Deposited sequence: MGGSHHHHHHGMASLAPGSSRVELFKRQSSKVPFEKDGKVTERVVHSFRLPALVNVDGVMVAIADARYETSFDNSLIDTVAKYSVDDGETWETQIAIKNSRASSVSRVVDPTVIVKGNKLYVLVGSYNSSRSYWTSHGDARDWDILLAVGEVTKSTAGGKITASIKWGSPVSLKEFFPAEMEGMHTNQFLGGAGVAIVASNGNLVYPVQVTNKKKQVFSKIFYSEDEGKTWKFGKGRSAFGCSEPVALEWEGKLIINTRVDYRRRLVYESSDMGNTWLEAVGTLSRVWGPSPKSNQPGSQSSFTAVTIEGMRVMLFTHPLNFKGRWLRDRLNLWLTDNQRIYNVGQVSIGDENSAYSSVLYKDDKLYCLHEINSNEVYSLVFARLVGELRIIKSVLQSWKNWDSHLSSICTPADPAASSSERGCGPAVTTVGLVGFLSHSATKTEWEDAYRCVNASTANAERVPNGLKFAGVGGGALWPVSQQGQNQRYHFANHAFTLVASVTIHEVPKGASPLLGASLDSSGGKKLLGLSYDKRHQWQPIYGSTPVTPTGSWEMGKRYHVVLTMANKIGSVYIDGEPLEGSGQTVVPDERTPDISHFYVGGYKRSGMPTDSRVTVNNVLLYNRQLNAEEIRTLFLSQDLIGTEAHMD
C-alpha cells in the first residue's frame, strides 16, 4: 500500500454481522468470510457489494450477497443483504455478484445454486443452477439535517429464459458473471462479460447485454477461446475490451466493436501482458478493470495478484495504469506478503479507493483502502505521458513545418536520462539495463565485452508490457560507430534468445565498413557502406511477419524479408542496443546510440521520413 495511503478492515471476517432473514425472522448474524468485492459509486453514494459466506469460505456453502453503503466516502457505512439465496438447503447460495451502475440503480447479476457441493464447471448439467438479476435503487435524503441514503432491493428475476440451449458447435450448460463491476456502454446497453460452460465442461467468455434496462438480454454471437473464464470488460474508443482469466496461462484480452458478435485478440496492446504468477503456471484471478478520466486523460486501471506463493493464495495485489499504449506498474496495493486475490478499484470525486480481499487460513475479510499515494503516482506518470507527447507533437519538423512527429503507438523512449546501470524510459514504464556505458547528450556511448543496453521484452518476466512486439513494432535510433570492429558487431535489434545470438531482426556492422542487416536465421548479406564517426538514423520495422531495415530513411537493398518462419508466434527476449550487454558474447561494440523510440506498429513511409529529418530535435536533454 503506497505512502500516504491507508485502510480499514471493512467487512471483518468472523466479526461483522449482517441481517440474516429466514422464515420471516431477521437476525444479526456473524459472517465467517467476505469475498467477491465490488465497489461502485451510485450518484454519490459509495456501495460495496460482496459475498457473505456465513459458515465457511468454501465456495459451495451458504452465501447471501451483502451491501454496505456510505454517504461520507467511507467514513461510515450502513449494512444490508441485497440478495438472499433460495434457502433450499444448508449450502444454498447466490454467487459472484457482478454489478452495473446506471443512474441511481445497481444491477446485480448472481448465479444461484440450491444444493450442489461441487465446483460449477464440474457439473455435467444445470440441474442445480439459475442466473438471477436483482436491482437496487438508491435514494438520497436529509434526516436530522444530515445527508442520508437508502437502498431498496427488488426481488431477483431469473434470466434463464435468455440462455439458448445451443451455441455454435455446442450445448450450453451454465453461465455466471465475471464478478466485480461491469458497464453501461456508450449506447446505453447494460453489458456483462460472462463466463459460460458447455456440456463438455469447457469454459469460455461471451458478452451478455441488454438494450432495454434489463428487461431482456442477448448474447453476442462470438466468443473467447476455451479456457478464458471470469472476464472483466470496459469500453475504449468504441470497442469493448474484454480481459479474461486463464488458469495456468497468460491472460488473453480481446476487442469487440459489435457488442460481442466478433472477437479479436488484442495482440498489439494488452493480450498476454499479464501473467497469473511468476511462471504463469498457477491459477488466475478476478481483476478490476475500469476506464476512468484523470486530469482530462482517459485511461484504464487494472488489478491482479502476483501470486508468488502459488495455487490460489494470490499474494501481492498489484495496480496497473495504461493508455492502451504504455503500461505502468503503479505498485502493490496489498500489504507485505498477505494473500489478496479479488479486488475492486473505484475512482470517485478525484479520490481513488480499493476494496479487496485478505485471506489468512482461508478466512477472508475485505479491506477498504484509500489510495492516496497511488493516485499521486498515477497523476505524475500521466503528466509525464502528456508532456512528452505534447512536446514531440509540438516540434516544427523540417519542411513552414513538415508533418508532425508521430506519438501514436509510441510506447517507450530512451534518451538523455540514465543512472549508472539503467537507461531511463521517458514514459517511465520499462528502463533498459546497461553495461559499460558513458552518458552523452540524449543517449549512451558503449565499449568493451559485455557492453550495451538490454531493453527487456519477455525478460520483463511475469508481466510483459512489450508483448505486442511479437506481432508488430518499429524500433528507431541514431547511431555513430567509433571503431572498426574485428569481425561483425551488433548495433541494434530484437533478439529471440537471451544471448542475442538468435535474432528476429537486427543491424550489425563489420570490419569492411558494411552494414549487416539480419533477418531471422537467414544467411547474412553485408550491404551498403558506413564511415567511422558519422551519425546514421536506423529504423527496424516488423509487421505481417516481415522485417525491414532503414538507414537514413531509406531501406537497405534486399530488405523486406520474412523473419517469422513458421506460424509459431515469436517470443522476443529483448531489444539489444549498442552491443549485446552480455559478457558471454565476445563482441566489442564501440558506438554511441541516441534517442531510441519503440512503437507498437509498423510506421509508414511519411512517419519514418519525419523521424529521420527530425532526429536532432527530439531528445529530452533540455528538459531532464
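Residues of the deposited sequence that lack C-alpha coordinates fall in the stretches 1-14, 414-422, 648.
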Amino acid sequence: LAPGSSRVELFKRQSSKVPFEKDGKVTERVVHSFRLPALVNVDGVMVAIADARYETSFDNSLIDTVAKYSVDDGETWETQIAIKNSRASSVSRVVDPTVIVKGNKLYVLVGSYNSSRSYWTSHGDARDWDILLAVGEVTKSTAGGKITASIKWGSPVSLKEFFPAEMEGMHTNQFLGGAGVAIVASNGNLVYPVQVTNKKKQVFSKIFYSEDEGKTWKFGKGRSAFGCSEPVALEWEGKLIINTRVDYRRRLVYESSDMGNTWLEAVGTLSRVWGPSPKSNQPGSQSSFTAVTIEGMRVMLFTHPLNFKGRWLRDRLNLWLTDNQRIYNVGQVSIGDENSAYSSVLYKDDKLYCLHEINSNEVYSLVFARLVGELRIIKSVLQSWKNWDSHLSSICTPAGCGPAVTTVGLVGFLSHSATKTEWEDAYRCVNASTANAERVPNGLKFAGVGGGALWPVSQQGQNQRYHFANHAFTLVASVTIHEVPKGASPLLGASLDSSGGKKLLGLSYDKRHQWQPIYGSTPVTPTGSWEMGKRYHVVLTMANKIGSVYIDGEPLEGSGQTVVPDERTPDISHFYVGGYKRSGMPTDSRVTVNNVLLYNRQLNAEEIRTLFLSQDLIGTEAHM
From here on, numbers count along this sequence of modelled residues.
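Per-stretch averaging of Cα B factors for 519-527 and 375-383 places 519-527 on top. Across the two stretches, 5-13 and 608-616, the PDB entry reports the greater mean Cα temperature factor for 608-616. Across the residues 577, 50, 564, 572, the deposited record lists the maximum Cα B factor for 564.
Within the listed group 94, 435, 538, 335, the record reports its top CA B-factor for 435.
In the deposited entry, the Cα temperature factor of residue 582 places it in the highest third of its chain's modelled residues. In this PDB entry, the Cα temperature factor of residue 297 sits in the middle third of its chain's modelled residues.
When the CA B factors of the chain's modelled residues are split into thirds, the value for residue 167 lands in the highest one.
When the CA B factors of the chain's modelled residues are split into thirds, the value for residue 65 lands in the lowest one. In the PDB entry, residue 32 places in the middle third of its chain by CA B-factor.
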